[PDB]
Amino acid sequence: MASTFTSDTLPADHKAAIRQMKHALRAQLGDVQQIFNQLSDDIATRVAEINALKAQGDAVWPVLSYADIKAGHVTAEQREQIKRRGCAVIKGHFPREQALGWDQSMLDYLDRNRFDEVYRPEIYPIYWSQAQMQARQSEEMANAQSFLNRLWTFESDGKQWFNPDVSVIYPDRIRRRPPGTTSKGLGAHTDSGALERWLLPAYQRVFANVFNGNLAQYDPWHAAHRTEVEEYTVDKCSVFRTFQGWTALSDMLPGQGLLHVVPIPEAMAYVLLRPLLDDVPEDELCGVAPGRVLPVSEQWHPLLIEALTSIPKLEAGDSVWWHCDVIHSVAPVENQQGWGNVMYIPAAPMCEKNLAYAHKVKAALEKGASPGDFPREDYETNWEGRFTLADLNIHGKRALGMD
């Protein structure tokens, strides 16, 4: 059924593959419209909960204290909330002064190496500052990643899909937005693949209960086969992330062009079935295109867009997280008040796929070169004060697949 249209790599004729995919899946579903209507009603109950919370001024994003994570005192109710909303805010993951200190440390590292001489939001092509790497291999980050990964069912049918207690080092850039920044923001979308979610054999397995109409049996927290997903290479993320996330390096004020998410992890089911309805052109996938993130819009997903929810006010040191299937955006802002500085650090549990990238990460770290999933700029190759292999602690070594 799936073999008639699936492909482990980018199909030579994606439109033809899409057409066959639609024919095959519509046949399997039988009455996709009825299934979609029921799914819409179920998702609507969640949207209602979200609107009720907003009306009460109550928090929508689950909020947990790092203190509880560290002490191992997060309640079952709290864990349940994260599984229901697909996201979380970890308060005081790092002391506020530590987070602010890291931001200043990176700036001093840039000055020391005359960045301005060798090089309105802006992403820095820097990956190996001591602040960035120490944060990544910190006990605090390790504890949070373990906690988050364990919300997933990673063991099923006598097989462990990933090690929740060790996450690979996924070097990313730091973003800094000073007061006065004006940005159009980013439209709602999801990562971890677009067209792949329909054509990759691995995703057909992951979403088997979505595409066969047995939605009641689809669990967004089931890990099976997600570790086998390989994003297409078009003209790009090489790791499996359970959660995307970032740590605040500055306080983040309400309404100042902030991250928003649709706190309904199962919303992806609606996204996957939408292109199968009767008002979609044969060759189209509601905006999806090779080489671009999967877009979510009012045009195609009105029910989902209504649920977009901003992160609450944050203090530097807090971290925010969202399930890999969660729809997210960044609201526009004009003459931003306060700062908007963040450090991207996800949760990517060790597995065959992530170990392969870990080896590449280790090599880049040794040279100070830009990581594989990023542009080849290699600014830090001759920089001083850089974090090196000699600075790795035991957690960092495991996170790099080292002995």
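Residues carry their position along the shown sequence, with the first being 1.
Review point. How many residues sit between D235 and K236 in the deposited sequence but have no coordinates: none, 1 to 3, 4 to 9, or 10 or more?
Key: Per the record, 1 to 3 deposited residues are absent between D235 and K236.
**Study point:** Chain break class at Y119/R120 - deposited residues not modelled
**Key:** Unresolved stretch here: 10 or more residues.
Practice item. Take the C-alpha B-factors listed in the entry for 66-74 and for 53-61, compute each mean, and give the stretch with the larger one. Key: The recorded data point to 53-61.
Check your understanding: Of 133-141 and 213-221, which one has the bigger average CA B-factor?
Key -> Between 213-221 and 133-141, it is 213-221.
Point to revise | Highest-ranked of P346, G338, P349, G372 once sorted by CA temperature factor in the record | key: Out of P346, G338, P349, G372, the record gives the largest C-alpha B-factor to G372.
Check your understanding: According to the deposited entry, which of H189, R150, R114, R79 has the largest Cα B-factor?
Key -> Max CA B-factor in the entry, restricted to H189, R150, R114, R79: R114.
Point to revise | Entry-reported Cα temperature factor of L304, expressed as the chain third it lands in | key: Ranked within chain, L304 CA B lands in the lowest tercile.
Exercise for review: Going by the recorded CA B-factors, say which third of the chain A289 sits in, lowest, middle or highest.
Suggested key: Answer is highest: the recorded C-alpha B-factor places it there.
Review point. Lowest, middle or highest third: where is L273 by Cα B-factor in its chain?
Key: Bottom third by C-alpha B-factor.
Exercise for review: Consider only the C-alpha atoms of the modelled residues in this chain, order them by B-factor as the entry records it, and name the third containing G255: lowest, middle or highest.
Suggested key: Tercile = lowest for this residue's CA B-factor.
Exercise for review: Rank-wise, by C-alpha B-factor, drop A356 into the lowest, middle or highest third of its chain.
Suggested key: Tercile = highest for this residue's CA B-factor.
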